[PDB]
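Trainee:
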Amino acid sequence: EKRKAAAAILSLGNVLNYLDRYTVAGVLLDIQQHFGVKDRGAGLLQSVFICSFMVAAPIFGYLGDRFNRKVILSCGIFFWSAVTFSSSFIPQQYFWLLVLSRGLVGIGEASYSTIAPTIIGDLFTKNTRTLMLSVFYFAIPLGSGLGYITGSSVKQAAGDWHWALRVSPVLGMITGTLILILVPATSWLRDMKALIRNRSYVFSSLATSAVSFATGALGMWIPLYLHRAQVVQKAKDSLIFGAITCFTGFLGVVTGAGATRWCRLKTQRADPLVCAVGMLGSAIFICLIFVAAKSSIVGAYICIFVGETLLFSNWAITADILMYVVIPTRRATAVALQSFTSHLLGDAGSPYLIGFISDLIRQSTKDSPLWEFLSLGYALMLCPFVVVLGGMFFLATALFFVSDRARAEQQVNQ
Numbered sequence: 099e100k101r102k103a104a105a106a107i108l109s110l111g112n113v114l115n116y117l118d119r120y121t122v123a124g125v126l127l128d129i130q131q132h133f134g135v136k137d138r139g140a141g142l143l144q145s146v147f148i149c150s151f152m153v154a155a156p157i158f159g160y161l162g163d164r165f166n167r168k169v170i171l172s173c174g175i176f177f178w179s180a181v182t183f184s185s186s187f188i189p190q191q192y193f194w195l196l197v198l199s200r201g202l203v204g205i206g207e208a209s210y211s212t213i214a215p216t217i218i219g220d221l222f223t224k225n226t227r228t229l230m231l232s233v234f235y236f237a238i239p240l241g242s243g244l245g246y247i248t249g250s251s252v253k254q255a256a257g258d259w260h261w262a263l264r265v266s267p268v269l270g271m272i273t274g275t276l277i278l279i280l281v282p283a284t301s302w303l304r305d306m307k308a309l310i311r312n313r314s315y316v317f318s319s320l321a322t323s324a325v326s327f328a329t330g331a332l333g334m335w336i337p338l339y340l341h342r343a344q345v346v347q348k360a361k362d363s364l365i366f367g368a369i370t371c372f373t374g375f376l377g378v379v380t381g382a383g384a385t386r387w388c389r390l391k392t393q394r395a396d397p398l399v400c401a402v403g404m405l406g407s408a409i410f411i412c413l414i415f416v417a418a419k420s421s422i423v424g425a426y427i428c429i430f431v432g433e434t435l436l437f438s439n440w441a442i443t444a445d446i447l448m449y450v451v452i453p454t455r456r457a458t459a460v461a462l463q464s465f466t467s468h469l470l471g472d473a474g475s476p477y478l479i480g481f482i483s484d485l486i487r488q489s490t491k492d493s494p495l496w497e498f499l500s501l502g503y504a505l506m507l508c509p510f511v512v513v514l515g516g517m518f519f520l521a522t523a524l525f526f527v528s529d530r531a532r533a534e535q536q537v538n539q
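Going left to right, the sequence shown walks through residues 99 to 284, 301 to 348, 360 to 539 as PDB author numbering numbers them.
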């Protein structure tokens, strides 16, 4: 039973993990007005955070594979909670301290997205492990929704972003204490050389990279796209999208778990096929989103709802594939390398590239509001291509999943 309590506490930890990510991005307009900084600094905040995460991911992965995956995780929790609360103090004249604090949160936050999945895989190993991983990666929609919900609520309560950056750290420190208490006590060069020869894991990592590309581009451009659609058609969109994303992620993880359970009764390849059967499907509805931008009066872009439901589904099935195809001593490094390759090719390169494409299309022709909306749509047409490539790489994972699962099980046996 204490494994269920440990899984619940790690789920809450992940909730605070993601709520501490989008808190500095749901109130970014107020921070931009406060420090006198411009769009360059607004991008720089999350850019330095992501680069810090990608620097500190392999190191914490290797450390977790080495020694005491629990104290590292609790120390990371305590670190970024204490760092965010301290960053709340930061005056107006000092912006590079805020940038440095986001960098330190990035360092200290690679010890939860790359270490907690290993503990979850070590607690349960069955369909209940799939259920607990569904909870842990449903904490991702919940974090990404409550981030904007809290960012709006705090400015509805007081005229500060300081409360947005102060409300979470106390609960994060409480979660650190409970992680340290209620979680039971469960070469690198050669390991990494042996993680690229794993074809199932390689193609699953590519699929996750494509998923992250899609999520990043859509999340940082769709609100402005719908705003331009309203402008040509003739604030609250933040909370609307946050609530939509939260409920849709609930629905998506439920759909993914149900489809995996109903499809595992037919073939051994029900983990890497079903995601593709969703992902391609998601891509299809993504295209309809743009059509929904033309005449949102009848159907108010519910294709966002459907595509997000079919896309926020594979987060836990990717973790299941990883736990199947990677032996328990290499799991922390496998997750760390997967996250490094994901965020290198994903949500750190999606919004900037989409903006560059939009700039090229807008500069190609004389500017007009209808042309702005059309240029953004033509630039976001690239997202379905990446989702389709993610589906194709999930099928490529399906080709070798059974072989790699058998090999991993054999090596685990001895």
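The C-beta atom is built at its ideal place from N, Cα and C for all residues, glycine as well.
Have a look at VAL153 and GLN144 and give me their C-alpha separation to the nearest angstrom.
Mentor: Cα-Cα distance, rounded: 14 Å.
Trainee: Can you give me the C-alpha to C-alpha distance between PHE165 and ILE129, rounded to a whole angstrom?
Mentor: The alpha-carbon atoms of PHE165 and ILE129 are separated by roughly 39 Å.
Trainee: Within this structure, are the beta carbons of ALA523 and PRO397 separated by less than 9 Å?
Mentor: Yes.
Trainee: Applying the criterion that 16 or more other CB atoms from any shown protein chain within 10 Å of the CB defines a buried residue, is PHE317 buried or exposed?
Mentor: By the 10 Å Cβ count, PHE317 comes out buried.
Trainee: What span of residues does the alpha helix (DSSP H) with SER266 cover, start to end?
Mentor: Residues 260-280.
Trainee: Can you tell me whether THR392 sits near the ligand GDP, meaning its C-beta is under 8 Å from at least one heavy atom of the ligand?
Mentor: In the structure on display, the ligand GDP does not appear, and there are no ligands present to speak of.
Trainee: What number of angstroms, rounded off, separates the C-alpha of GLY201 from the C-alpha of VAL146?
Mentor: Each residue's alpha carbon lies about 6 Å from the other.
Trainee: Does the separation of the CB atoms of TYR235 and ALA441 fall below 9 Å?
Mentor: Yes, these two residues count as a Cβ contact at 9 Å.
Trainee: Beta-carbon separation of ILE446 and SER314 under 9 Å?
Mentor: Yes; because the gap between Cβ atoms is below 9 Å, this pair is in contact.
Trainee: DSSP on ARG455, reduced to helix/strand/coil?
Mentor: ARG455 falls in the coil class under three-state DSSP.
Trainee: Just checking, does the segment 475-483 make contact with the segment 266-278 on the three C-beta pairs under 8 Å criterion?
Mentor: Flag = no, the segment 475-483 and the segment 266-278 do not touch.
Trainee: Decide yes or no for the touch test of the segment 241-261 against the segment 103-119: beta carbon pairs closer than 8 Å, at least 3 of them.
Mentor: The answer is yes - the segment 103-119 touches the segment 241-261, with three or more Cβ pairs under 8 Å.
Trainee: Measuring alpha carbon to alpha carbon, tell me which residue in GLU207, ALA459, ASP492 is nearest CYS149.
Mentor: Taking only the C-alpha atoms, the option nearest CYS149 is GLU207.
Trainee: Is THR275 closer than 9 Å to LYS168 when the C-beta atoms are compared?
Mentor: No, the Cβ-Cβ distance between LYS168 and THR275 is not below 9 Å.
Trainee: Whose C-alpha, out of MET404, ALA180, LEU364, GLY174, is nearest the C-alpha of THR329?
Mentor: It is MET404.
Trainee: Within 9 Å (strictly less), CB to CB, does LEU398 reach chain D?
Mentor: Considering every chain present, this structure includes no chain D. It has just one protein chain.
Trainee: State buried or exposed for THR322, treating a residue as buried only when at least 16 other CB atoms are found within 10 Å of its CB.
Mentor: So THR322 counts as buried.
Trainee: For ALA155, which option in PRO476, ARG456, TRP496 has the closest C-alpha, if you only look at C-alpha atoms?
Mentor: Considering only alpha carbons, the answer is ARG456.
Trainee: Count the other CB atoms, across all protein chains shown, that sit within 10 Å of the CB of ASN225; report buried if there are 16 or more and exposed otherwise.
Mentor: By the neighbour-count rule (16 or more Cβ atoms within 10 Å), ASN225 is not buried but exposed.
Trainee: If I measure Cβ to Cβ from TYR477 and keep anything under 8 Å in the same chain, skipping five residues before and after, which residues do I get?
Mentor: Cβ neighbours of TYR477 beyond the five flanking positions: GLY141.
Trainee: Just to confirm before moving on: does the CB-CB distance between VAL512 and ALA324 stay below 9 Å?
Mentor: The answer is yes: Cβ separation under 9 Å.
Trainee: Work out the CA separation of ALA105 and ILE310 for me, nearest whole Å.
Mentor: About 30 Å.
Trainee: Are the beta-carbon atoms belonging to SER421 and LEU340 less than 9 Å from one another?
Mentor: Against a cut-off of 9 Å, the Cβ pair of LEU340 and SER421 comes out as a contact.
Trainee: Please return the same chain residues whose Cβ sits closer than 7 Å to the Cβ of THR370, not counting the five positions on each side in sequence.
Mentor: Around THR370: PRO239, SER242, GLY243, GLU433.
Trainee: If you count every other CB in all the chains shown that lies within 10 Å of the CB of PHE498, and 16 or more means buried, which is it?
Mentor: So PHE498 counts as buried.
Trainee: Can you name the start and end residues of the alpha helix (DSSP H) that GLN488 belongs to?
Mentor: It spans 475-489 - the alpha helix (DSSP H) in which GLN488 sits, taken as one unbroken run.
Trainee: Could you check the C-alpha separation between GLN539 and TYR449 for me, to the nearest Å?
Mentor: If you take the alpha carbons of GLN539 and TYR449, they lie about 16 Å apart.
Trainee: Would you report the Cα separation of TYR503 and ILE486, rounded to the nearest angstrom?
Mentor: In a straight line, the C-alpha of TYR503 is about 8 Å away from that of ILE486.
Trainee: Using the three-state DSSP reduction, which class does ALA308 fall into: helix, strand or coil?
Mentor: Here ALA308 sits in helix by DSSP.
Trainee: Over the uninterrupted alpha helix (DSSP H) stretch that includes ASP128, give me the two end residues.
Mentor: Looking at the DSSP string, the run of the alpha helix (DSSP H) that includes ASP128 is 126-133.
Trainee: Relative to the C-alpha of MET517, which residue among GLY424, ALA401, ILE429, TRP259 is closest?
Mentor: Comparing Cα positions, the closest option is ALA401.
Trainee: What do you get for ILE279, buried or exposed, if any count of 16 or more other CB atoms within 10 angstroms of its CB means buried?
Mentor: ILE279 is exposed by the Cβ-count criterion.
Trainee: State the start and end residues of the unbroken alpha helix (DSSP H) segment that holds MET152.
Mentor: Segment 137-164, the alpha helix (DSSP H) holding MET152.
Trainee: Report the rounded CA-to-CA distance for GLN190 versus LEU413, giving the unit in angstroms.
Mentor: Cα-Cα distance, rounded: 44 Å.
Trainee: Looking only at its chain, what residues have a beta carbon closer than 7 Å to the beta carbon of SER475, apart from the 5 residues adjacent to it on each side?
Mentor: Within the same chain, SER475 has close Cβ partners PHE327, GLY330, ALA331.
Trainee: Please tell me whether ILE175 and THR248 are closer than 9 Å, where the distance is taken between their beta carbons.
Mentor: No. Outside cutoff.
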